[PDB]
Every structure is written in structure tokens, then in C-alpha cells.
>>> print(open('structure15.cif').read())   # mmCIF, C-alpha atoms; chains and numbers go by the auth columns
data_target
#
loop_
_atom_site.group_PDB
_atom_site.id
_atom_site.type_symbol
_atom_site.label_atom_id
_atom_site.label_comp_id
_atom_site.label_asym_id
_atom_site.label_seq_id
_atom_site.Cartn_x
_atom_site.Cartn_y
_atom_site.Cartn_z
_atom_site.B_iso_or_equiv
_atom_site.auth_seq_id
_atom_site.auth_asym_id
ATOM 1 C CA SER A 1 1.483 34.521 -9.122 0.00 1 P
ATOM 2 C CA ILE A 2 4.682 36.423 -9.177 0.00 2 P
ATOM 3 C CA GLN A 3 6.670 33.315 -8.052 0.00 3 P
ATOM 4 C CA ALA A 4 6.402 31.905 -11.537 0.00 4 P
ATOM 5 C CA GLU A 5 7.354 35.122 -13.409 0.00 5 P
ATOM 6 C CA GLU A 6 10.352 34.968 -15.755 0.00 6 P
ATOM 7 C CA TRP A 7 11.788 38.168 -14.507 0.00 7 P
ATOM 8 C CA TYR A 8 11.159 37.529 -10.796 0.00 8 P
ATOM 9 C CA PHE A 9 14.054 35.994 -8.807 0.00 9 P
ATOM 10 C CA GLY A 10 12.707 35.749 -5.206 0.00 10 P
ATOM 11 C CA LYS A 11 15.177 35.873 -2.329 0.00 11 P
ATOM 12 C CA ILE A 12 18.456 35.769 -4.255 0.00 12 P
ATOM 13 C CA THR A 13 21.117 37.914 -2.623 0.00 13 P
ATOM 14 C CA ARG A 14 22.412 41.198 -3.837 0.00 14 P
ATOM 15 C CA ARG A 15 25.658 39.446 -4.673 0.00 15 P
ATOM 16 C CA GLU A 16 23.998 36.614 -6.618 0.00 16 P
ATOM 17 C CA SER A 17 21.919 39.056 -8.800 0.00 17 P
ATOM 18 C CA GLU A 18 25.158 40.808 -9.708 0.00 18 P
ATOM 19 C CA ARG A 19 26.780 37.435 -10.415 0.00 19 P
ATOM 20 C CA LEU A 20 23.833 36.741 -12.766 0.00 20 P
ATOM 21 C CA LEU A 21 23.847 40.093 -14.578 0.00 21 P
ATOM 22 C CA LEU A 22 27.561 40.934 -15.102 0.00 22 P
ATOM 23 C CA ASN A 23 28.102 38.691 -17.987 0.00 23 P
ATOM 24 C CA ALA A 24 29.257 39.385 -21.458 0.00 24 P
ATOM 25 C CA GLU A 25 26.082 37.733 -22.817 0.00 25 P
ATOM 26 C CA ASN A 26 23.757 40.306 -21.282 0.00 26 P
ATOM 27 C CA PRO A 27 22.697 43.534 -23.108 0.00 27 P
ATOM 28 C CA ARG A 28 22.705 46.822 -21.277 0.00 28 P
ATOM 29 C CA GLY A 29 19.211 46.728 -19.736 0.00 29 P
ATOM 30 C CA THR A 30 19.222 43.026 -18.772 0.00 30 P
ATOM 31 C CA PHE A 31 17.230 43.003 -15.468 0.00 31 P
ATOM 32 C CA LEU A 32 15.556 41.109 -12.677 0.00 32 P
ATOM 33 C CA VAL A 33 13.254 41.950 -9.688 0.00 33 P
ATOM 34 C CA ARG A 34 13.880 40.358 -6.296 0.00 34 P
ATOM 35 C CA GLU A 35 13.258 40.947 -2.645 0.00 35 P
ATOM 36 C CA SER A 36 15.493 43.479 -0.960 0.00 36 P
ATOM 37 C CA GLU A 37 17.606 41.658 1.723 0.00 37 P
ATOM 38 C CA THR A 38 18.218 44.970 3.545 0.00 38 P
ATOM 39 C CA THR A 39 14.611 46.368 3.680 0.00 39 P
ATOM 40 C CA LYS A 40 11.902 43.825 4.392 0.00 40 P
ATOM 41 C CA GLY A 41 8.838 44.465 2.517 0.00 41 P
ATOM 42 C CA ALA A 42 10.708 46.219 -0.337 0.00 42 P
ATOM 43 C CA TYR A 43 11.664 44.770 -3.681 0.00 43 P
ATOM 44 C CA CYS A 44 14.583 45.690 -5.875 0.00 44 P
ATOM 45 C CA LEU A 45 15.106 46.054 -9.638 0.00 45 P
ATOM 46 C CA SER A 46 18.649 45.111 -10.617 0.00 46 P
ATOM 47 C CA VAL A 47 19.733 46.319 -14.116 0.00 47 P
ATOM 48 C CA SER A 48 23.014 45.678 -15.988 0.00 48 P
ATOM 49 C CA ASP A 49 24.792 48.643 -17.465 0.00 49 P
ATOM 50 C CA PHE A 50 27.996 49.383 -19.198 0.00 50 P
ATOM 51 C CA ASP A 51 30.026 52.571 -18.899 0.00 51 P
ATOM 52 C CA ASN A 52 33.433 52.899 -20.653 0.00 52 P
ATOM 53 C CA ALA A 53 35.345 53.518 -17.413 0.00 53 P
ATOM 54 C CA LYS A 54 34.091 50.771 -15.135 0.00 54 P
ATOM 55 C CA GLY A 55 32.876 48.287 -17.855 0.00 55 P
ATOM 56 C CA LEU A 56 29.958 46.132 -16.941 0.00 56 P
ATOM 57 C CA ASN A 57 28.297 47.288 -13.698 0.00 57 P
ATOM 58 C CA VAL A 58 24.873 46.713 -12.018 0.00 58 P
ATOM 59 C CA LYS A 59 22.662 49.514 -10.592 0.00 59 P
ATOM 60 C CA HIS A 60 19.974 48.466 -8.016 0.00 60 P
ATOM 61 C CA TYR A 61 16.800 50.492 -7.587 0.00 61 P
ATOM 62 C CA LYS A 62 14.629 49.860 -4.525 0.00 62 P
ATOM 63 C CA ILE A 63 10.839 49.294 -5.274 0.00 63 P
ATOM 64 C CA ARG A 64 8.593 50.425 -2.435 0.00 64 P
ATOM 65 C CA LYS A 65 5.068 49.091 -1.902 0.00 65 P
ATOM 66 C CA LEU A 66 2.323 51.582 -1.086 0.00 66 P
ATOM 67 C CA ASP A 67 0.223 50.177 1.781 0.00 67 P
ATOM 68 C CA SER A 68 -2.757 51.062 -0.386 0.00 68 P
ATOM 69 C CA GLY A 69 -1.662 48.568 -3.075 0.00 69 P
ATOM 70 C CA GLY A 70 0.691 49.968 -5.718 0.00 70 P
ATOM 71 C CA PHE A 71 4.429 50.006 -6.322 0.00 71 P
ATOM 72 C CA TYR A 72 6.867 52.856 -7.035 0.00 72 P
ATOM 73 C CA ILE A 73 10.480 53.639 -7.870 0.00 73 P
ATOM 74 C CA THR A 74 9.927 57.574 -8.265 0.00 74 P
ATOM 75 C CA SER A 75 7.187 60.200 -7.545 0.00 75 P
ATOM 76 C CA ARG A 76 6.554 60.550 -11.254 0.00 76 P
ATOM 77 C CA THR A 77 4.383 57.458 -11.684 0.00 77 P
ATOM 78 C CA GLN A 78 3.187 54.701 -9.414 0.00 78 P
ATOM 79 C CA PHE A 79 1.834 51.233 -10.590 0.00 79 P
ATOM 80 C CA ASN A 80 -0.756 48.720 -9.416 0.00 80 P
ATOM 81 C CA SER A 81 1.544 45.701 -9.949 0.00 81 P
ATOM 82 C CA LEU A 82 5.158 44.764 -10.466 0.00 82 P
ATOM 83 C CA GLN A 83 4.177 43.485 -13.980 0.00 83 P
ATOM 84 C CA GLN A 84 2.889 46.972 -14.843 0.00 84 P
ATOM 85 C CA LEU A 85 6.061 48.561 -13.417 0.00 85 P
ATOM 86 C CA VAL A 86 8.228 46.117 -15.509 0.00 86 P
ATOM 87 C CA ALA A 87 6.285 47.169 -18.597 0.00 87 P
ATOM 88 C CA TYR A 88 6.514 50.892 -18.086 0.00 88 P
ATOM 89 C CA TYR A 89 10.291 50.859 -17.723 0.00 89 P
ATOM 90 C CA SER A 90 10.588 48.517 -20.657 0.00 90 P
ATOM 91 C CA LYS A 91 9.230 51.443 -22.664 0.00 91 P
ATOM 92 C CA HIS A 92 10.815 54.410 -20.886 0.00 92 P
ATOM 93 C CA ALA A 93 13.924 54.642 -18.705 0.00 93 P
ATOM 94 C CA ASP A 94 12.543 57.727 -16.846 0.00 94 P
ATOM 95 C CA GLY A 95 15.595 58.310 -14.696 0.00 95 P
ATOM 96 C CA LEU A 96 16.753 54.601 -14.688 0.00 96 P
ATOM 97 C CA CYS A 97 20.229 53.984 -16.103 0.00 97 P
ATOM 98 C CA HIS A 98 18.741 52.149 -19.124 0.00 98 P
ATOM 99 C CA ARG A 99 15.397 50.913 -20.428 0.00 99 P
ATOM 100 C CA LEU A 100 14.717 47.359 -19.360 0.00 100 P
ATOM 101 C CA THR A 101 15.561 45.451 -22.548 0.00 101 P
ATOM 102 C CA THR A 102 16.251 41.758 -21.661 0.00 102 P
ATOM 103 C CA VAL A 103 14.900 39.508 -18.754 0.00 103 P
ATOM 104 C CA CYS A 104 17.911 38.047 -16.936 0.00 104 P
ATOM 105 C CA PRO A 105 18.307 34.371 -18.081 0.00 105 P
ATOM 106 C CA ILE B 1 37.836 45.161 -8.937 0.00 1 Z
ATOM 107 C CA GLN B 2 34.046 45.463 -9.682 0.00 2 Z
ATOM 108 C CA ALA B 3 34.320 41.769 -10.624 0.00 3 Z
ATOM 109 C CA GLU B 4 35.888 40.485 -7.349 0.00 4 Z
ATOM 110 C CA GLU B 5 33.352 38.290 -5.455 0.00 5 Z
ATOM 111 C CA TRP B 6 34.076 40.066 -2.180 0.00 6 Z
ATOM 112 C CA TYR B 7 33.878 43.676 -3.479 0.00 7 Z
ATOM 113 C CA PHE B 8 30.434 45.101 -2.836 0.00 8 Z
ATOM 114 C CA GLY B 9 31.205 48.626 -4.067 0.00 9 Z
ATOM 115 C CA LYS B 10 29.312 51.593 -2.696 0.00 10 Z
ATOM 116 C CA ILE B 11 26.967 50.087 -0.065 0.00 11 Z
ATOM 117 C CA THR B 12 26.612 52.042 3.203 0.00 12 Z
ATOM 118 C CA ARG B 13 27.795 50.982 6.637 0.00 13 Z
ATOM 119 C CA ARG B 14 24.136 50.055 7.587 0.00 14 Z
ATOM 120 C CA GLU B 15 23.746 48.001 4.476 0.00 15 Z
ATOM 121 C CA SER B 16 26.909 45.971 5.164 0.00 16 Z
ATOM 122 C CA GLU B 17 25.787 45.394 8.705 0.00 17 Z
ATOM 123 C CA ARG B 18 22.437 44.290 7.308 0.00 18 Z
ATOM 124 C CA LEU B 19 23.982 41.920 4.702 0.00 19 Z
ATOM 125 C CA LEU B 20 26.555 40.518 7.163 0.00 20 Z
ATOM 126 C CA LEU B 21 24.531 39.935 10.364 0.00 21 Z
ATOM 127 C CA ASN B 22 23.333 36.612 9.618 0.00 22 Z
ATOM 128 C CA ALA B 23 23.424 34.092 12.441 0.00 23 Z
ATOM 129 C CA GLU B 24 23.900 31.313 9.977 0.00 24 Z
ATOM 130 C CA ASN B 25 27.110 32.884 8.639 0.00 25 Z
ATOM 131 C CA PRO B 26 30.519 31.843 10.017 0.00 26 Z
ATOM 132 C CA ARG B 27 32.696 34.231 12.056 0.00 27 Z
ATOM 133 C CA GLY B 28 35.037 35.974 9.659 0.00 28 Z
ATOM 134 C CA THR B 29 32.438 36.402 6.867 0.00 29 Z
ATOM 135 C CA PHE B 30 33.299 39.740 5.148 0.00 30 Z
ATOM 136 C CA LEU B 31 32.993 42.112 2.123 0.00 31 Z
ATOM 137 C CA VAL B 32 35.156 45.090 0.899 0.00 32 Z
ATOM 138 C CA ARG B 33 33.106 48.256 0.205 0.00 33 Z
ATOM 139 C CA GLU B 34 33.943 51.926 -0.134 0.00 34 Z
ATOM 140 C CA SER B 35 34.298 54.195 2.956 0.00 35 Z
ATOM 141 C CA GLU B 36 31.396 56.708 2.950 0.00 36 Z
ATOM 142 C CA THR B 37 33.155 58.814 5.525 0.00 37 Z
ATOM 143 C CA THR B 38 36.665 58.997 4.062 0.00 38 Z
ATOM 144 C CA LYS B 39 36.783 59.699 0.310 0.00 39 Z
ATOM 145 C CA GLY B 40 39.257 57.440 -1.464 0.00 40 Z
ATOM 146 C CA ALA B 41 39.455 54.757 1.250 0.00 41 Z
ATOM 147 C CA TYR B 42 37.937 51.365 1.482 0.00 42 Z
ATOM 148 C CA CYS B 43 36.502 49.403 4.326 0.00 43 Z
ATOM 149 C CA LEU B 44 36.565 45.800 5.292 0.00 44 Z
ATOM 150 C CA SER B 45 33.499 44.857 7.259 0.00 45 Z
ATOM 151 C CA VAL B 46 33.810 41.469 9.106 0.00 46 Z
ATOM 152 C CA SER B 47 31.333 39.520 11.216 0.00 47 Z
ATOM 153 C CA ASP B 48 32.367 38.553 14.661 0.00 48 Z
ATOM 154 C CA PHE B 49 30.908 36.917 17.759 0.00 49 Z
ATOM 155 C CA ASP B 50 31.925 37.403 21.324 0.00 50 Z
ATOM 156 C CA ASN B 51 30.047 36.027 24.330 0.00 51 Z
ATOM 157 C CA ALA B 52 28.827 39.344 25.573 0.00 52 Z
ATOM 158 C CA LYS B 53 28.045 41.458 22.461 0.00 53 Z
ATOM 159 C CA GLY B 54 27.247 38.384 20.457 0.00 54 Z
ATOM 160 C CA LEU B 55 26.985 38.818 16.734 0.00 55 Z
ATOM 161 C CA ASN B 56 28.361 42.170 15.621 0.00 56 Z
ATOM 162 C CA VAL B 57 30.244 43.499 12.588 0.00 57 Z
ATOM 163 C CA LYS B 58 33.749 45.218 12.968 0.00 58 Z
ATOM 164 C CA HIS B 59 34.632 47.774 10.264 0.00 59 Z
ATOM 165 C CA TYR B 60 38.318 48.268 9.345 0.00 60 Z
ATOM 166 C CA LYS B 61 39.280 51.267 7.165 0.00 61 Z
ATOM 167 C CA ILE B 62 41.770 50.424 4.310 0.00 62 Z
ATOM 168 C CA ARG B 63 43.850 53.405 3.187 0.00 63 Z
ATOM 169 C CA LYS B 64 45.455 53.740 -0.178 0.00 64 Z
ATOM 170 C CA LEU B 65 48.999 55.104 -0.113 0.00 65 Z
ATOM 171 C CA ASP B 66 49.749 57.749 -2.832 0.00 66 Z
ATOM 172 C CA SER B 67 52.427 55.468 -4.334 0.00 67 Z
ATOM 173 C CA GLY B 68 49.585 52.915 -4.761 0.00 68 Z
ATOM 174 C CA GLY B 69 49.459 50.252 -2.002 0.00 69 Z
ATOM 175 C CA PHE B 70 46.896 49.580 0.734 0.00 70 Z
ATOM 176 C CA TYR B 71 47.144 49.141 4.501 0.00 71 Z
ATOM 177 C CA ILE B 72 45.023 48.458 7.604 0.00 72 Z
ATOM 178 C CA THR B 73 48.134 48.480 9.983 0.00 73 Z
ATOM 179 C CA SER B 74 51.852 49.499 9.981 0.00 74 Z
ATOM 180 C CA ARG B 75 52.979 45.932 9.997 0.00 75 Z
ATOM 181 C CA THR B 76 52.227 45.055 6.304 0.00 76 Z
ATOM 182 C CA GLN B 77 51.076 46.942 3.127 0.00 77 Z
ATOM 183 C CA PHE B 78 49.793 45.301 -0.056 0.00 78 Z
ATOM 184 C CA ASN B 79 50.324 46.403 -3.634 0.00 79 Z
ATOM 185 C CA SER B 80 46.641 45.529 -4.311 0.00 80 Z
ATOM 186 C CA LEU B 81 43.349 44.954 -2.593 0.00 81 Z
ATOM 187 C CA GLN B 82 43.255 41.259 -3.532 0.00 82 Z
ATOM 188 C CA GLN B 83 46.665 40.705 -1.961 0.00 83 Z
ATOM 189 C CA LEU B 84 45.191 42.262 1.257 0.00 84 Z
ATOM 190 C CA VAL B 85 42.143 39.954 1.170 0.00 85 Z
ATOM 191 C CA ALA B 86 44.462 36.955 0.421 0.00 86 Z
ATOM 192 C CA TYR B 87 46.816 37.735 3.382 0.00 87 Z
ATOM 193 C CA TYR B 88 44.115 38.168 5.989 0.00 88 Z
ATOM 194 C CA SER B 89 42.407 35.025 4.865 0.00 89 Z
ATOM 195 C CA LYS B 90 45.502 33.271 6.097 0.00 90 Z
ATOM 196 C CA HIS B 91 46.421 35.568 9.100 0.00 91 Z
ATOM 197 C CA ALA B 92 44.173 37.674 11.358 0.00 92 Z
ATOM 198 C CA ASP B 93 47.230 39.817 12.380 0.00 93 Z
ATOM 199 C CA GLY B 94 45.205 41.913 14.820 0.00 94 Z
ATOM 200 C CA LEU B 95 41.770 41.549 13.005 0.00 95 Z
ATOM 201 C CA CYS B 96 39.039 39.869 15.153 0.00 96 Z
ATOM 202 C CA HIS B 97 39.155 36.816 12.920 0.00 97 Z
ATOM 203 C CA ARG B 98 40.803 35.511 9.751 0.00 98 Z
ATOM 204 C CA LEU B 99 38.535 36.197 6.776 0.00 99 Z
ATOM 205 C CA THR B 100 36.524 32.989 6.038 0.00 100 Z
ATOM 206 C CA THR B 101 33.430 33.261 3.707 0.00 101 Z
ATOM 207 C CA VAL B 102 32.675 36.099 1.291 0.00 102 Z
ATOM 208 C CA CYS B 103 29.280 37.644 2.229 0.00 103 Z
ATOM 209 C CA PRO B 104 26.653 35.467 0.469 0.00 104 Z
#
>>> encode(input="structure15.cif", output="C-alpha cells")
Amino acid sequence: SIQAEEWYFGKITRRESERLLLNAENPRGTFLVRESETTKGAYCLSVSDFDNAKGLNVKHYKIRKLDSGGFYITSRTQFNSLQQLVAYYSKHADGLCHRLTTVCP
Amino acid sequence: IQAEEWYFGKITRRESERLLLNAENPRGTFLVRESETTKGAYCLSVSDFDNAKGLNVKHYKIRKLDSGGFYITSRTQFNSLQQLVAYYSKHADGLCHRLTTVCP
């Protein structure tokens, strides 16, 4: 049940996920998955990053759901569950700003 | 600025109208984002409600003067974006409403 997943944060707002991730305590790659407020039916992967110019910043990647079942962020690979997606990007960035290292506290 | 509660960065105009049009949000709820259309400028999107159009969002461009400051009108200029959000929280001065809540 994804409601009980560590990394899943439900209907928190875009602003609240940024408030949770932009924090000195979080590694580059701290992340969370939530519902998109702007696109019903889509999810969103928010990831903390750090670039020298802007400091700590958050990038948000939409996650679309295939009507047939899976989930995707790019045309390179698709996944049968959000857990599977979270695991692939924990191993390879594959276009994301950073590999998912840490689940947002 | 990336750390100001009200600064939403690079969202589009559709996104801000999707985050702001919430019927459970007070009039004057707002966010500052970047202008897509005008490079270098900002935009202050603000929810409003009038009898006829109902809930709607007004978008106000914020221009940065080359010396440094910011303006929405010729009456006042601000040496920083937070002084602009602080002034219009206390005075509408032509905006549809004083700024009340930051977009949730």
C-alpha cells in the first residue's frame, strides 16, 4: 500500500515538499514522491540538489501513469510500480539531476 | 531568494493559475515566479474574486531596473523583491487586493 511507504508523501503541496527538502541536513539526492497538484492522475518525484551558484535547490520531475499499468519519467525505461521506479533511480540517475540517495525524513 | 516562502521560481503561468485557484484560499493569496514571456522579469500572480468572473488570478509583471530595483508601477520602486512583497502586503496601491496568504 503506497500510503505507508517511507518515501511517499501523499498530497503535500509543491511548496511543502520544497520546505521539507531544502535543508542543510539533506544530501544531494534526498527525495520524495507525491501527487502532482497541477496534473491529476500524475505523481511527482522531488529531489534536492546543490549547485554552487544557487545553493540548495529542488528539481521536480513529473511521473506519468500508463493506462496499461506502469509508470515513467522518460522513454528510456518504464516501470510496473513506483517502488520499482524508486529503485532504478537509486542506482542510476539517467538524466535526473542526481541519483536518489536519501528518503526525505 | 530561492529560500523565500513566496518565491516559486520557474513555474509557468498555467501552473500558477493551477496552484492558486483554490476556492478555499483567501483573496490576495499570491506567489512570485519568473516571467516566461519577458526574460529577466518577475511576475506576481494573485487570486481575486469578483461577482461576475468569480475566482480568477491576476498576473502583474515586476521589472528590474538596471540600477537594481523593482517596480510594478511608477508610484513606488523597491530595492529588493522582499521589500515589494512587504509593501503590497500592507497596501494594494492599484493591485486587486493586498497580498494576504502565500500560496500553500
>>> residues_near_point(input="structure15.cif", point="(24.4, 41.8, -20.6)", cutoff="9 Å", atoms="all atoms listed in the file", output="VMD selection string")
chain P and resid 21 to 31 48 to 50 56 102 104
>>> resolve_selection(input="structure15.cif", expression="the PyMOL selection byres ((chain Z) within 12 of (chain P))", output="PDB file with C-alpha atoms, in the frame of the given file")
ATOM      1  CA  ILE Z   1      37.836  45.161  -8.937  1.00  0.00           C
ATOM      2  CA  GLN Z   2      34.046  45.463  -9.682  1.00  0.00           C
ATOM      3  CA  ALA Z   3      34.320  41.769 -10.624  1.00  0.00           C
ATOM      4  CA  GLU Z   4      35.888  40.485  -7.349  1.00  0.00           C
ATOM      5  CA  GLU Z   5      33.352  38.290  -5.455  1.00  0.00           C
ATOM      6  CA  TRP Z   6      34.076  40.066  -2.180  1.00  0.00           C
ATOM      7  CA  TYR Z   7      33.878  43.676  -3.479  1.00  0.00           C
ATOM      8  CA  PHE Z   8      30.434  45.101  -2.836  1.00  0.00           C
ATOM      9  CA  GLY Z   9      31.205  48.626  -4.067  1.00  0.00           C
ATOM     10  CA  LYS Z  10      29.312  51.593  -2.696  1.00  0.00           C
ATOM     11  CA  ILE Z  11      26.967  50.087  -0.065  1.00  0.00           C
ATOM     12  CA  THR Z  12      26.612  52.042   3.203  1.00  0.00           C
ATOM     13  CA  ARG Z  13      27.795  50.982   6.637  1.00  0.00           C
ATOM     14  CA  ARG Z  14      24.136  50.055   7.587  1.00  0.00           C
ATOM     15  CA  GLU Z  15      23.746  48.001   4.476  1.00  0.00           C
ATOM     16  CA  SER Z  16      26.909  45.971   5.164  1.00  0.00           C
ATOM     17  CA  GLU Z  17      25.787  45.394   8.705  1.00  0.00           C
ATOM     18  CA  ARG Z  18      22.437  44.290   7.308  1.00  0.00           C
ATOM     19  CA  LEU Z  19      23.982  41.920   4.702  1.00  0.00           C
ATOM     20  CA  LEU Z  20      26.555  40.518   7.163  1.00  0.00           C
ATOM     21  CA  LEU Z  21      24.531  39.935  10.364  1.00  0.00           C
ATOM     22  CA  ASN Z  22      23.333  36.612   9.618  1.00  0.00           C
ATOM     23  CA  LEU Z  31      32.993  42.112   2.123  1.00  0.00           C
ATOM     24  CA  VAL Z 102      32.675  36.099   1.291  1.00  0.00           C
ATOM     25  CA  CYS Z 103      29.280  37.644   2.229  1.00  0.00           C
ATOM     26  CA  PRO Z 104      26.653  35.467   0.469  1.00  0.00           C
TER      27      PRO Z 104
END
>>> resolve_selection(input="structure15.cif", expression="the PyMOL selection byres ((chain Z and resi 43) around 7)", output="list in words")
residues 32, 33, 34, 35, 41, 42, 44, 45, 59, 60, 61 and 62 of chain Z
>>> resolve_selection(input="structure15.cif", expression="the PyMOL selection byres ((chain Z and resi 76-78) around 12)", output="ChimeraX atom specification")
/Z:62-65,67-75,79-88,91,93-94
>>> write_last_selection(input="structure15.cif", atoms="C-alpha atoms", output="short mmCIF file (atom, residue, chain, number, x, y, z; two decimals), in the frame of the given file")
data_model
loop_
_atom_site.label_atom_id
_atom_site.label_comp_id
_atom_site.auth_asym_id
_atom_site.auth_seq_id
_atom_site.Cartn_x
_atom_site.Cartn_y
_atom_site.Cartn_z
CA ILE Z 62 41.77 50.42 4.31
CA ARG Z 63 43.85 53.40 3.19
CA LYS Z 64 45.46 53.74 -0.18
CA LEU Z 65 49.00 55.10 -0.11
CA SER Z 67 52.43 55.47 -4.33
CA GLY Z 68 49.58 52.92 -4.76
CA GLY Z 69 49.46 50.25 -2.00
CA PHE Z 70 46.90 49.58 0.73
CA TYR Z 71 47.14 49.14 4.50
CA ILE Z 72 45.02 48.46 7.60
CA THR Z 73 48.13 48.48 9.98
CA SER Z 74 51.85 49.50 9.98
CA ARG Z 75 52.98 45.93 10.00
CA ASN Z 79 50.32 46.40 -3.63
CA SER Z 80 46.64 45.53 -4.31
CA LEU Z 81 43.35 44.95 -2.59
CA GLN Z 82 43.26 41.26 -3.53
CA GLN Z 83 46.66 40.70 -1.96
CA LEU Z 84 45.19 42.26 1.26
CA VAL Z 85 42.14 39.95 1.17
CA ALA Z 86 44.46 36.96 0.42
CA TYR Z 87 46.82 37.74 3.38
CA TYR Z 88 44.12 38.17 5.99
CA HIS Z 91 46.42 35.57 9.10
CA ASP Z 93 47.23 39.82 12.38
CA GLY Z 94 45.20 41.91 14.82
#
>>> residues_near_point(input="structure15.cif", point="(14.1, 43.4, -4.6)", cutoff="9 Å", atoms="all atoms listed in the file", output="ChimeraX atom specification")
/P:9-12,14,32-37,39,41-46,60-63
>>> closest_residue(input="structure15.cif", among="Z:96, Z:57, Z:52, Z:46", to="residue Z:30", atoms="all atoms listed in the file")
Z:46
>>> atom_distance(input="structure15.cif", atom1="atom CA of residue P:8", atom2="atom CA of residue P:94")
21.1 Å
>>> residues_around(input="structure15.cif", residues="residue P:95", least_positions_apart="4", cutoff="10 Å", atoms="only C-alpha atoms", output="ChimeraX atom specification")
/P:73-74,76,89,99
>>> atom_distance(input="structure15.cif", atom1="atom CA of residue P:17", atom2="atom CA of residue Z:39")
27.0 Å
>>> atom_distance(input="structure15.cif", atom1="atom CA of residue Z:97", atom2="atom CA of residue Z:66")
28.3 Å
>>> residues_around(input="structure15.cif", residues="residue P:97", least_positions_apart="4", cutoff="8 Å", atoms="only C-alpha atoms", output="compact mmCIF listing (two decimals) with C-alpha atoms, in the frame of the given file")
# COMPACT_ATOMS: atom_id res chain seq x y z
CA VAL P 47 19.73 46.32 -14.12
CA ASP P 49 24.79 48.64 -17.46
CA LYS P 59 22.66 49.51 -10.59
CA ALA P 93 13.92 54.64 -18.70
